[PDB]
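**Student:** For reference, the file final_24.txt (compact mmCIF, C-alpha atoms and all ligand atoms) is included below:
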```
# COMPACT_ATOMS: atom_id res chain seq x y z
CA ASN F 700 -13.28 -2.27 -6.88
CA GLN F 701 -10.71 -5.07 -6.83
CA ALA F 702 -12.31 -6.63 -9.93
CA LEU F 703 -10.86 -3.82 -12.09
CA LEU F 704 -7.22 -4.93 -11.60
CA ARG F 705 -6.39 -8.42 -12.86
CA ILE F 706 -3.60 -10.27 -11.05
CA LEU F 707 -1.68 -12.11 -13.77
CA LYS F 708 0.58 -15.14 -13.68
CA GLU F 709 4.04 -14.97 -15.24
CA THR F 710 3.10 -17.99 -17.39
CA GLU F 711 0.12 -16.36 -19.17
CA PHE F 712 1.95 -13.50 -20.90
CA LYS F 713 5.19 -12.98 -22.80
CA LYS F 714 7.27 -9.92 -23.62
CA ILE F 715 7.85 -9.69 -27.37
CA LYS F 716 9.55 -6.40 -28.26
CA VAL F 717 10.88 -3.48 -26.25
CA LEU F 718 9.17 -0.13 -26.85
CA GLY F 719 11.01 2.25 -24.55
CA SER F 720 11.84 3.26 -21.01
CA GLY F 721 11.14 6.31 -18.91
CA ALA F 722 11.63 6.55 -15.15
CA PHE F 723 9.70 3.76 -13.44
CA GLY F 724 10.59 0.90 -15.79
CA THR F 725 10.73 -0.45 -19.32
CA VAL F 726 7.73 -0.74 -21.66
CA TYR F 727 7.38 -3.80 -23.89
CA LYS F 728 4.99 -4.91 -26.57
CA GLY F 729 3.65 -8.19 -25.21
CA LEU F 730 1.17 -10.99 -25.80
CA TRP F 731 -1.47 -12.30 -23.42
CA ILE F 732 -2.23 -15.96 -24.07
CA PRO F 733 -5.59 -16.73 -22.43
CA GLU F 734 -5.23 -20.11 -20.79
CA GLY F 735 -6.98 -22.96 -22.57
CA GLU F 736 -7.12 -20.87 -25.77
CA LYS F 737 -5.04 -20.60 -28.94
CA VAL F 738 -5.10 -16.82 -29.40
CA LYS F 739 -2.37 -14.21 -28.90
CA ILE F 740 -3.68 -10.85 -27.68
CA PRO F 741 -1.23 -7.91 -27.92
CA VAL F 742 -0.64 -6.02 -24.67
CA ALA F 743 1.70 -3.37 -23.31
CA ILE F 744 3.93 -4.42 -20.40
CA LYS F 745 5.90 -2.22 -17.99
CA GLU F 746 8.52 -4.06 -15.92
CA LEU F 747 9.63 -2.10 -12.87
CA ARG F 748 13.21 -0.91 -12.43
CA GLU F 749 14.09 -2.64 -9.16
CA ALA F 750 12.61 -5.72 -7.58
CA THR F 751 10.40 -5.05 -4.59
CA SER F 752 9.37 -6.37 -1.20
CA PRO F 753 5.94 -7.61 -0.09
CA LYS F 754 5.53 -4.30 1.72
CA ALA F 755 6.44 -2.11 -1.26
CA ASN F 756 4.18 -4.29 -3.40
CA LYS F 757 1.29 -3.37 -1.10
CA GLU F 758 2.06 0.28 -1.83
CA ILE F 759 2.11 -0.64 -5.53
CA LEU F 760 -1.24 -2.44 -5.34
CA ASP F 761 -2.91 0.38 -3.40
CA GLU F 762 -2.10 2.84 -6.18
CA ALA F 763 -2.65 0.23 -8.91
CA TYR F 764 -6.27 -0.24 -7.83
CA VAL F 765 -6.79 3.53 -8.11
CA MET F 766 -5.32 3.65 -11.62
CA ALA F 767 -7.47 0.65 -12.60
CA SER F 768 -10.65 2.48 -11.50
CA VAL F 769 -10.64 5.39 -13.98
CA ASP F 770 -13.45 5.39 -16.55
CA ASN F 771 -13.19 8.20 -19.10
CA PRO F 772 -12.65 8.02 -22.88
CA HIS F 773 -9.58 10.29 -22.65
CA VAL F 774 -7.86 8.65 -19.66
CA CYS F 775 -5.93 5.38 -19.84
CA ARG F 776 -6.81 2.62 -17.38
CA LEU F 777 -4.37 0.17 -15.80
CA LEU F 778 -5.50 -3.36 -16.63
CA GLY F 779 -3.32 -5.87 -14.79
CA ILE F 780 -0.31 -6.63 -12.64
CA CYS F 781 2.04 -9.59 -12.27
CA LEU F 782 3.50 -9.87 -8.77
CA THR F 783 6.88 -11.28 -9.73
CA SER F 784 10.13 -10.29 -8.03
CA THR F 785 10.21 -7.41 -10.50
CA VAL F 786 6.55 -6.44 -10.84
CA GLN F 787 5.08 -6.28 -14.36
CA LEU F 788 2.21 -3.94 -15.21
CA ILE F 789 -0.18 -4.47 -18.12
CA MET F 790 -2.33 -1.97 -20.03
CA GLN F 791 -3.81 -1.64 -23.51
CA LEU F 792 -1.29 -1.47 -26.34
CA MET F 793 -1.44 1.73 -28.40
CA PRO F 794 0.05 0.91 -31.84
CA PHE F 795 0.23 4.63 -32.70
CA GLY F 796 2.47 5.35 -29.71
CA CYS F 797 2.59 8.58 -27.75
CA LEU F 798 1.41 11.95 -29.05
CA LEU F 799 4.89 13.51 -28.81
CA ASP F 800 6.41 11.04 -31.28
CA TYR F 801 3.29 11.24 -33.46
CA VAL F 802 3.46 15.02 -33.93
CA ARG F 803 7.22 14.85 -34.54
CA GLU F 804 6.85 12.24 -37.30
CA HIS F 805 3.82 13.99 -38.87
CA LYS F 806 5.07 17.55 -38.32
CA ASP F 807 4.62 18.41 -42.02
CA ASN F 808 1.12 16.90 -42.28
CA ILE F 809 -0.83 17.93 -39.13
CA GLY F 810 -3.63 20.47 -39.47
CA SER F 811 -5.10 23.01 -37.10
CA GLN F 812 -8.21 20.87 -36.66
CA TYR F 813 -6.30 17.93 -35.16
CA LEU F 814 -4.14 20.12 -32.91
CA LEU F 815 -7.07 21.96 -31.32
CA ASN F 816 -9.07 18.73 -30.91
CA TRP F 817 -6.08 17.13 -29.16
CA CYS F 818 -6.00 20.09 -26.76
CA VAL F 819 -9.72 19.60 -26.09
CA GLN F 820 -9.30 15.87 -25.43
CA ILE F 821 -6.30 16.36 -23.14
CA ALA F 822 -8.21 18.96 -21.12
CA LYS F 823 -11.21 16.62 -20.97
CA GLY F 824 -9.00 13.88 -19.54
CA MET F 825 -7.32 16.28 -17.12
CA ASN F 826 -10.71 17.57 -15.98
CA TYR F 827 -11.72 13.98 -15.24
CA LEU F 828 -8.60 13.38 -13.13
CA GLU F 829 -9.38 16.51 -11.11
CA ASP F 830 -12.96 15.30 -10.66
CA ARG F 831 -11.54 12.05 -9.26
CA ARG F 832 -9.25 14.20 -7.06
CA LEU F 833 -6.21 12.71 -8.82
CA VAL F 834 -3.13 14.87 -9.46
CA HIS F 835 -1.27 13.82 -12.61
CA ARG F 836 2.24 15.10 -11.66
CA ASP F 837 3.74 14.08 -15.04
CA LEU F 838 1.55 15.59 -17.75
CA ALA F 839 3.48 15.90 -21.02
CA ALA F 840 3.15 15.05 -24.69
CA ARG F 841 5.15 11.86 -24.05
CA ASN F 842 2.44 10.74 -21.59
CA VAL F 843 -0.42 11.30 -24.04
CA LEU F 844 -1.06 8.09 -25.98
CA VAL F 845 -2.62 7.98 -29.45
CA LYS F 846 -5.32 5.33 -29.72
CA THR F 847 -6.41 6.67 -33.12
CA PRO F 848 -5.33 9.93 -34.80
CA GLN F 849 -8.70 11.38 -33.71
CA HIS F 850 -8.58 9.96 -30.16
CA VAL F 851 -5.81 10.49 -27.60
CA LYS F 852 -5.72 9.43 -23.95
CA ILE F 853 -3.57 10.58 -21.04
CA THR F 854 -1.45 8.03 -19.19
CA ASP F 855 1.16 7.62 -16.43
CA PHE F 856 -0.73 9.71 -13.88
CA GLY F 857 -0.63 9.50 -10.10
CA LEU F 858 2.96 8.22 -9.87
CA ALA F 859 4.07 10.31 -6.90
CA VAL F 876 12.46 14.68 -12.76
CA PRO F 877 10.45 16.58 -15.43
CA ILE F 878 11.67 19.99 -14.28
CA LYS F 879 10.84 21.69 -17.58
CA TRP F 880 7.16 20.66 -17.33
CA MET F 881 6.70 21.47 -13.63
CA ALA F 882 5.12 24.60 -12.23
CA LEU F 883 7.44 26.91 -10.30
CA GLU F 884 5.95 25.92 -6.94
CA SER F 885 6.58 22.28 -7.85
CA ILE F 886 10.25 23.01 -8.58
CA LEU F 887 10.71 25.24 -5.53
CA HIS F 888 8.40 23.64 -2.95
CA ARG F 889 7.50 20.16 -4.32
CA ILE F 890 3.88 21.40 -4.35
CA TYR F 891 1.71 19.35 -6.72
CA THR F 892 -1.94 20.36 -7.15
CA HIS F 893 -4.45 20.40 -10.00
CA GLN F 894 -3.32 23.97 -10.69
CA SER F 895 0.27 22.78 -11.14
CA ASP F 896 -1.15 20.26 -13.63
CA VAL F 897 -2.55 23.25 -15.55
CA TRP F 898 1.02 24.53 -15.91
CA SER F 899 2.10 21.15 -17.30
CA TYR F 900 -0.94 21.26 -19.60
CA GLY F 901 0.32 24.61 -20.89
CA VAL F 902 3.73 23.11 -21.66
CA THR F 903 2.03 20.08 -23.23
CA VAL F 904 0.06 22.37 -25.55
CA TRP F 905 3.31 24.17 -26.42
CA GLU F 906 4.83 20.83 -27.44
CA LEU F 907 1.93 20.16 -29.82
CA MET F 908 2.05 23.64 -31.41
CA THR F 909 5.82 23.37 -31.93
CA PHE F 910 5.35 19.87 -33.41
CA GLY F 911 7.38 18.22 -30.67
CA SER F 912 10.05 20.77 -29.80
CA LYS F 913 11.91 20.33 -26.53
CA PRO F 914 10.92 23.07 -24.05
CA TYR F 915 13.83 25.22 -22.86
CA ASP F 916 16.10 23.34 -25.25
CA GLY F 917 19.76 23.87 -24.36
CA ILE F 918 19.01 25.42 -20.95
CA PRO F 919 20.29 23.34 -17.99
CA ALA F 920 17.47 22.08 -15.77
CA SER F 921 19.26 23.53 -12.72
CA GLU F 922 18.55 27.04 -14.10
CA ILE F 923 14.87 26.69 -15.07
CA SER F 924 13.59 27.96 -11.71
CA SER F 925 15.88 30.98 -12.07
CA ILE F 926 14.57 31.94 -15.52
CA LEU F 927 10.93 31.45 -14.45
CA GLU F 928 11.26 33.61 -11.34
CA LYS F 929 12.68 36.48 -13.39
CA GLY F 930 9.71 36.34 -15.79
CA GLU F 931 10.80 34.29 -18.80
CA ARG F 932 8.42 31.79 -20.39
CA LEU F 933 8.31 29.47 -23.37
CA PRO F 934 8.18 31.54 -26.58
CA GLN F 935 5.17 31.97 -28.83
CA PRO F 936 5.03 29.11 -31.36
CA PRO F 937 5.13 30.39 -34.95
CA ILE F 938 1.73 28.87 -35.79
CA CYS F 939 0.06 30.39 -32.71
CA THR F 940 -2.05 33.53 -32.74
CA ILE F 941 -1.94 35.79 -29.69
CA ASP F 942 -5.27 34.31 -28.54
CA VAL F 943 -3.74 30.84 -28.24
CA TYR F 944 -0.46 32.06 -26.74
CA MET F 945 -2.27 34.00 -23.99
CA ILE F 946 -3.96 30.76 -22.90
CA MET F 947 -0.55 29.10 -22.58
CA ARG F 948 0.79 32.14 -20.72
CA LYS F 949 -2.14 32.04 -18.29
CA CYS F 950 -1.24 28.43 -17.49
CA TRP F 951 2.21 29.73 -16.48
CA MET F 952 1.21 32.44 -13.99
CA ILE F 953 3.09 32.41 -10.68
CA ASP F 954 -0.16 32.52 -8.70
CA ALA F 955 -1.53 29.00 -9.14
CA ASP F 956 -5.09 30.16 -8.42
CA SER F 957 -4.80 32.67 -11.28
CA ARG F 958 -4.24 29.89 -13.83
CA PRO F 959 -7.30 28.68 -15.78
CA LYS F 960 -9.30 25.66 -14.69
CA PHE F 961 -9.42 22.57 -16.90
CA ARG F 962 -13.17 23.02 -17.38
CA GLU F 963 -12.44 26.53 -18.67
CA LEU F 964 -9.74 25.11 -20.95
CA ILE F 965 -12.26 22.66 -22.42
CA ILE F 966 -14.69 25.46 -23.30
CA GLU F 967 -12.08 27.80 -24.76
CA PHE F 968 -10.34 25.22 -26.96
CA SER F 969 -13.72 23.88 -28.09
CA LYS F 970 -14.59 27.39 -29.29
CA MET F 971 -11.32 27.61 -31.23
CA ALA F 972 -11.77 24.08 -32.62
CA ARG F 973 -14.98 25.32 -34.32
CA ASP F 974 -12.87 27.70 -36.50
CA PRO F 975 -9.28 26.32 -36.44
CA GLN F 976 -7.64 28.51 -39.14
CA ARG F 977 -8.39 31.79 -37.31
CA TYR F 978 -6.36 30.69 -34.25
CA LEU F 979 -3.60 28.56 -35.82
CA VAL F 980 -1.56 29.66 -38.84
CA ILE F 981 -0.21 26.51 -40.49
CA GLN F 982 1.27 26.28 -43.98
CA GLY F 983 -0.99 24.11 -46.12
CA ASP F 984 -3.76 24.05 -43.51
CA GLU F 985 -6.53 24.06 -46.13
CA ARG F 986 -4.83 21.05 -47.77
CA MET F 987 -4.44 18.91 -44.66
CA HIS F 988 -6.58 15.89 -43.87
CA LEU F 989 -9.76 16.49 -41.89
CA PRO F 990 -11.49 13.79 -39.80
CA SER F 991 -14.01 12.29 -42.21
CA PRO F 992 -17.21 10.59 -41.00
CA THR F 993 -16.23 7.61 -43.15
CA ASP F 994 -12.71 7.53 -41.65
CA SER F 995 -13.90 7.96 -38.06
CA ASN F 996 -16.45 5.15 -38.32
CA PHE F 997 -13.83 2.88 -39.88
CA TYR F 998 -11.26 3.67 -37.18
CA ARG F 999 -13.83 3.05 -34.44
CA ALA F 1000 -14.94 -0.38 -35.66
CA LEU F 1001 -11.36 -1.68 -35.97
CA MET F 1002 -9.49 0.01 -33.09
CA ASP F 1003 -11.75 2.21 -30.94
CA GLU F 1004 -15.11 0.75 -29.90
CA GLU F 1005 -15.45 2.59 -26.57
CA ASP F 1006 -18.41 4.84 -25.70
CA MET F 1007 -17.15 8.37 -26.46
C1 LIG J 1101 9.60 1.97 -1.70
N1 LIG J 1101 8.91 1.72 -2.99
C2 LIG J 1101 9.11 2.97 -3.82
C3 LIG J 1101 8.52 2.67 -5.17
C4 LIG J 1101 7.49 1.47 -5.25
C5 LIG J 1101 6.42 1.58 -6.41
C6 LIG J 1101 6.73 1.17 -7.73
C7 LIG J 1101 5.78 1.25 -8.77
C8 LIG J 1101 4.45 1.71 -8.58
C9 LIG J 1101 3.43 1.81 -9.80
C10 LIG J 1101 2.07 1.35 -9.70
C11 LIG J 1101 1.16 1.45 -10.79
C12 LIG J 1101 1.56 2.03 -12.03
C13 LIG J 1101 2.87 2.49 -12.16
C14 LIG J 1101 3.76 2.38 -11.06
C15 LIG J 1101 3.01 3.06 -13.61
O1 LIG J 1101 4.02 3.56 -14.11
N2 LIG J 1101 1.80 2.95 -14.33
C16 LIG J 1101 1.39 3.33 -15.75
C17 LIG J 1101 -0.15 3.83 -15.86
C18 LIG J 1101 -0.67 4.88 -15.05
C19 LIG J 1101 -2.02 5.28 -15.17
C20 LIG J 1101 -2.88 4.65 -16.10
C21 LIG J 1101 -2.36 3.61 -16.89
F1 LIG J 1101 -3.15 3.00 -17.77
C22 LIG J 1101 -1.02 3.21 -16.78
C23 LIG J 1101 1.67 2.17 -16.81
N3 LIG J 1101 2.32 2.34 -18.07
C24 LIG J 1101 2.38 1.08 -18.73
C25 LIG J 1101 2.91 0.64 -19.99
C26 LIG J 1101 2.80 -0.69 -20.35
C27 LIG J 1101 2.16 -1.63 -19.47
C28 LIG J 1101 1.64 -1.22 -18.25
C29 LIG J 1101 1.75 0.16 -17.86
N4 LIG J 1101 1.32 0.88 -16.68
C30 LIG J 1101 0.81 2.27 -13.40
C31 LIG J 1101 4.16 2.12 -7.25
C32 LIG J 1101 5.11 2.04 -6.20
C33 LIG J 1101 6.74 1.24 -3.90
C34 LIG J 1101 7.44 1.60 -2.64
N1 LIG J 1102 0.18 1.35 -23.45
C1 LIG J 1102 1.18 1.72 -24.24
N2 LIG J 1102 1.08 1.47 -25.57
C2 LIG J 1102 2.09 1.85 -26.37
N3 LIG J 1102 3.23 2.46 -26.05
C3 LIG J 1102 3.29 2.69 -24.73
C4 LIG J 1102 2.35 2.36 -23.79
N4 LIG J 1102 2.77 2.76 -22.53
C5 LIG J 1102 3.95 3.31 -22.74
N5 LIG J 1102 4.31 3.29 -24.05
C6 LIG J 1102 5.54 3.81 -24.63
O1 LIG J 1102 6.63 3.17 -24.01
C7 LIG J 1102 7.75 4.08 -23.90
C8 LIG J 1102 8.22 4.13 -22.47
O2 LIG J 1102 7.17 4.67 -21.64
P1 LIG J 1102 7.54 5.19 -20.18
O3 LIG J 1102 8.37 4.16 -19.49
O4 LIG J 1102 6.31 5.68 -19.50
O5 LIG J 1102 8.46 6.44 -20.54
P2 LIG J 1102 8.13 8.00 -20.66
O6 LIG J 1102 6.64 8.08 -20.78
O7 LIG J 1102 8.97 8.48 -21.80
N6 LIG J 1102 8.63 8.57 -19.23
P3 LIG J 1102 7.65 9.06 -18.03
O8 LIG J 1102 7.46 10.54 -18.13
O9 LIG J 1102 8.25 8.72 -16.70
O10 LIG J 1102 6.32 8.37 -18.12
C9 LIG J 1102 7.26 5.41 -24.49
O11 LIG J 1102 7.67 5.55 -25.84
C10 LIG J 1102 5.74 5.30 -24.38
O12 LIG J 1102 5.07 6.08 -25.34
MG MG J 1103 4.74 7.49 -20.34
```
Could you take the file, read its structure, and then write that structure out as structure tokens?
**Tutor:**
Amino acid sequence: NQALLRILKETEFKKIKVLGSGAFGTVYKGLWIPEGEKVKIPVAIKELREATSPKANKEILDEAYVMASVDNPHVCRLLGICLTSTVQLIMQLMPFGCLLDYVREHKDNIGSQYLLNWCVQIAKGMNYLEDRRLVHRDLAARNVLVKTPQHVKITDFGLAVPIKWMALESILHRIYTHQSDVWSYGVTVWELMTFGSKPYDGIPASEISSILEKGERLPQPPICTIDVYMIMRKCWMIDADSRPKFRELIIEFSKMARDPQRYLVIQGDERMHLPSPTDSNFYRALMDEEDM
């Protein structure tokens, strides 16, 4: 459906403030000025690294239409594109940022309820991408965006190097499947349970494949019970077909989310903020009106 990707003019939007960069380009906080109107609508804008040719832009558009066609509460959708020399991409602005920075800044105030619900939502989004036959290839806490504290969405999928998030067969044989995404999901969960720790911190990326082949894995986070750690370890099995399926990950984390303090051991957990019905309805009406 071509109607899901809006082709924008350079003159109808403006970059306002840089937000960061990653690997494909630089992300800005921007404003869309609807023509003939007086309003300023905040947007996110990604300007590509290098300028491109009409041929490479066709490759861009072909993938852009796919990323504009997703429809799931836990998966971000691409909204627009500006075909300038350097192409500019447009999606919804998430004022809370990515989940990695969120858990790092709130590391002393995040309860077991939020952590397990984030795992559920990430698996729900990943299960949708598999249903659409879309391989993520870059699943990580940095590519999980926070719309509201109770609602996260996965982003930056389908962009065919994050060595420390890749499955062993991706490092060794550039093999990317939905089962290699499960490995990245396991590392993503590890990031959340360590409140944003860098996986294999201090180990050179050139040696990661060596340590994985000989049997070493990311260590058990201090707040994790053995039940949670064994899920992460199953995501990191050498046989890709032995790793759990995302639909299985949804069920298992939903079970643990029903009794969070038995599976996560967090200091002050009984004193952390729970999602209130009053808070969730307020958040929805102001920032998050989608179906759910
Ligand atoms: C020879 N030459 C090699 C490279 C070249 C090329 C370059 C770029 C894209 C391409 C095409 C399309 C997307 C991306 C990137 C890319 O990074 N995207 C993110 C994405 C992915 C999935 C869902 C979603 F909502 C967003 C994203 N982050 C944003 C942040 C702010 C504003 C807009 C944003 N858009 C979408 C494809 C091919 C073509 C051939
Ligand atoms: N729609 C958005 N709303 C708010 N912040 C965003 C949005 N898209 C991206 N960002 C942020 O912009 C910064 C740069 O994003 P990006 O260029 O994708 O880098 P990255 O995610 O760190 N690297 P990569 O793994 O390649 O995607 C990060 O801090 C993102 O969280
Ligand atoms: Mg990203």
**Student:** For residue F:938, which of F:889, F:811, F:842, F:973 is the closest residue, counting all atoms listed in the file?
**Tutor:**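 Among the listed residues, F:811 lies closest to residue F:938.
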**Student:** One number please: atom CA of residue F:927 to atom CA of residue F:958, in Å, one decimal.
**Tutor:**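 Atom CA of residue F:958 lies 15.3 Å from atom CA of residue F:927.
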**Student:** If you count only C-alpha atoms, which residues fall within 12 Å of residue F:930, apart from same-chain ones fewer than 4 positions away, as a list in words?
**Tutor:**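 Once the adjacent positions are removed, what remains is residues 883, 923, 924, 925, 926, 934, 948, 951, 952 and 953 of chain F.
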**Student:** Now that the selection is made, can you save its residues with C-alpha atoms as a PDB file, in the frame of the given file?
**Tutor:**
```pdb
ATOM      1  CA  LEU F 883       7.440  26.910 -10.300  1.00  0.00           C
ATOM      2  CA  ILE F 923      14.870  26.690 -15.070  1.00  0.00           C
ATOM      3  CA  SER F 924      13.590  27.960 -11.710  1.00  0.00           C
ATOM      4  CA  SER F 925      15.880  30.980 -12.070  1.00  0.00           C
ATOM      5  CA  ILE F 926      14.570  31.940 -15.520  1.00  0.00           C
ATOM      6  CA  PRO F 934       8.180  31.540 -26.580  1.00  0.00           C
ATOM      7  CA  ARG F 948       0.790  32.140 -20.720  1.00  0.00           C
ATOM      8  CA  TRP F 951       2.210  29.730 -16.480  1.00  0.00           C
ATOM      9  CA  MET F 952       1.210  32.440 -13.990  1.00  0.00           C
ATOM     10  CA  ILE F 953       3.090  32.410 -10.680  1.00  0.00           C
TER      11      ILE F 953
END
```
**Student:** What does the distance between atom CA of residue F:831 and atom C8 of ligand LIG 1102 (chain J) come to in Å, to one decimal place?
**Tutor:**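 If I compute the distance from atom CA of residue F:831 to atom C8 of ligand LIG 1102 (chain J), I get 25.1 Å.
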**Student:** Would you be able to write out as a VMD selection string which residues have an atom within 10 Å of (-8.5, 27.3, -36.8) in the file's coordinates, counting only C-alpha atoms?
**Tutor:** chain F and resid 810 to 815 939 to 940 970 to 981 984
**Student:** Give me, as JSON lines, the closest atom pair and its distance (Å, one decimal) for every residue of chain F within a cut-off of 12 Å of ligand MG 1103 (chain J), counting only C-alpha atoms and all ligand atoms, rows sorted by chain and rising number.
**Tutor:**
```
{"residue": "F:718", "atom": "CA", "partner": "J:MG1103", "partner_atom": "MG", "distance": 11.0}
{"residue": "F:719", "atom": "CA", "partner": "J:MG1103", "partner_atom": "MG", "distance": 9.2}
{"residue": "F:720", "atom": "CA", "partner": "J:MG1103", "partner_atom": "MG", "distance": 8.3}
{"residue": "F:721", "atom": "CA", "partner": "J:MG1103", "partner_atom": "MG", "distance": 6.7}
{"residue": "F:722", "atom": "CA", "partner": "J:MG1103", "partner_atom": "MG", "distance": 8.7}
{"residue": "F:723", "atom": "CA", "partner": "J:MG1103", "partner_atom": "MG", "distance": 9.3}
{"residue": "F:724", "atom": "CA", "partner": "J:MG1103", "partner_atom": "MG", "distance": 9.9}
{"residue": "F:725", "atom": "CA", "partner": "J:MG1103", "partner_atom": "MG", "distance": 10.0}
{"residue": "F:726", "atom": "CA", "partner": "J:MG1103", "partner_atom": "MG", "distance": 8.9}
{"residue": "F:743", "atom": "CA", "partner": "J:MG1103", "partner_atom": "MG", "distance": 11.7}
{"residue": "F:744", "atom": "CA", "partner": "J:MG1103", "partner_atom": "MG", "distance": 11.9}
{"residue": "F:745", "atom": "CA", "partner": "J:MG1103", "partner_atom": "MG", "distance": 10.1}
{"residue": "F:775", "atom": "CA", "partner": "J:MG1103", "partner_atom": "MG", "distance": 10.9}
{"residue": "F:790", "atom": "CA", "partner": "J:MG1103", "partner_atom": "MG", "distance": 11.8}
{"residue": "F:793", "atom": "CA", "partner": "J:MG1103", "partner_atom": "MG", "distance": 11.7}
{"residue": "F:796", "atom": "CA", "partner": "J:MG1103", "partner_atom": "MG", "distance": 9.9}
{"residue": "F:797", "atom": "CA", "partner": "J:MG1103", "partner_atom": "MG", "distance": 7.8}
{"residue": "F:798", "atom": "CA", "partner": "J:MG1103", "partner_atom": "MG", "distance": 10.3}
{"residue": "F:799", "atom": "CA", "partner": "J:MG1103", "partner_atom": "MG", "distance": 10.4}
{"residue": "F:800", "atom": "CA", "partner": "J:MG1103", "partner_atom": "MG", "distance": 11.6}
{"residue": "F:835", "atom": "CA", "partner": "J:MG1103", "partner_atom": "MG", "distance": 11.7}
{"residue": "F:836", "atom": "CA", "partner": "J:MG1103", "partner_atom": "MG", "distance": 11.8}
{"residue": "F:837", "atom": "CA", "partner": "J:MG1103", "partner_atom": "MG", "distance": 8.5}
{"residue": "F:838", "atom": "CA", "partner": "J:MG1103", "partner_atom": "MG", "distance": 9.1}
{"residue": "F:839", "atom": "CA", "partner": "J:MG1103", "partner_atom": "MG", "distance": 8.5}
{"residue": "F:840", "atom": "CA", "partner": "J:MG1103", "partner_atom": "MG", "distance": 8.9}
{"residue": "F:841", "atom": "CA", "partner": "J:MG1103", "partner_atom": "MG", "distance": 5.7}
{"residue": "F:842", "atom": "CA", "partner": "J:MG1103", "partner_atom": "MG", "distance": 4.2}
{"residue": "F:843", "atom": "CA", "partner": "J:MG1103", "partner_atom": "MG", "distance": 7.4}
{"residue": "F:844", "atom": "CA", "partner": "J:MG1103", "partner_atom": "MG", "distance": 8.1}
{"residue": "F:845", "atom": "CA", "partner": "J:MG1103", "partner_atom": "MG", "distance": 11.7}
{"residue": "F:852", "atom": "CA", "partner": "J:MG1103", "partner_atom": "MG", "distance": 11.2}
{"residue": "F:853", "atom": "CA", "partner": "J:MG1103", "partner_atom": "MG", "distance": 8.9}
{"residue": "F:854", "atom": "CA", "partner": "J:MG1103", "partner_atom": "MG", "distance": 6.3}
{"residue": "F:855", "atom": "CA", "partner": "J:MG1103", "partner_atom": "MG", "distance": 5.3}
{"residue": "F:856", "atom": "CA", "partner": "J:MG1103", "partner_atom": "MG", "distance": 8.8}
{"residue": "F:857", "atom": "CA", "partner": "J:MG1103", "partner_atom": "MG", "distance": 11.7}
{"residue": "F:858", "atom": "CA", "partner": "J:MG1103", "partner_atom": "MG", "distance": 10.6}
{"residue": "F:877", "atom": "CA", "partner": "J:MG1103", "partner_atom": "MG", "distance": 11.8}
```
**Student:** Compare F:803, F:748, F:713, F:846 by their minimum atom-to-atom distance to residue F:772, counting all atoms listed in the file, and give me the closest one.
**Tutor:**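 Using all atoms listed in the file, residue F:772 sits closest to F:846.
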**Student:** Quick one: distance from atom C5 of ligand LIG 1101 (chain J) to atom CA of residue F:904 in Å, one decimal?
**Tutor:**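 Computing the Euclidean distance for atom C5 of ligand LIG 1101 (chain J) and atom CA of residue F:904 yields 29.0 Å.
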**Student:** Taking 4 positions as the minimum chain separation for residues in the same chain, which residues sit within 12 Å of residue F:807 when counting only C-alpha atoms? Answer as a list in words.
**Tutor:**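 Selected residues are residues 801, 802, 803, 811, 909, 910, 911, 981, 982, 983, 984, 986, 987 and 988 of chain F.
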**Student:** Return the single residue from F:851, F:878, F:965, F:822 that is closest to residue F:919, with distances computed using only C-alpha atoms.
**Tutor:** F:878
**Student:** Near residue F:832, counting all atoms listed in the file, which residues have an atom at most 10 Å away, once you skip same-chain residues fewer than 6 positions from it, shown as JSON, numbers by chain?
**Tutor:** {"F": [826, 892, 893]}
**Student:** Applying 12 Å and all atoms listed in the file, which residues near residue F:954 remain after dropping the ones on its own chain fewer than 3 positions away? List them as a PyMOL selection string.
**Tutor:** chain F and resi 882-884+894-895+897-898+928+949-951+957-959
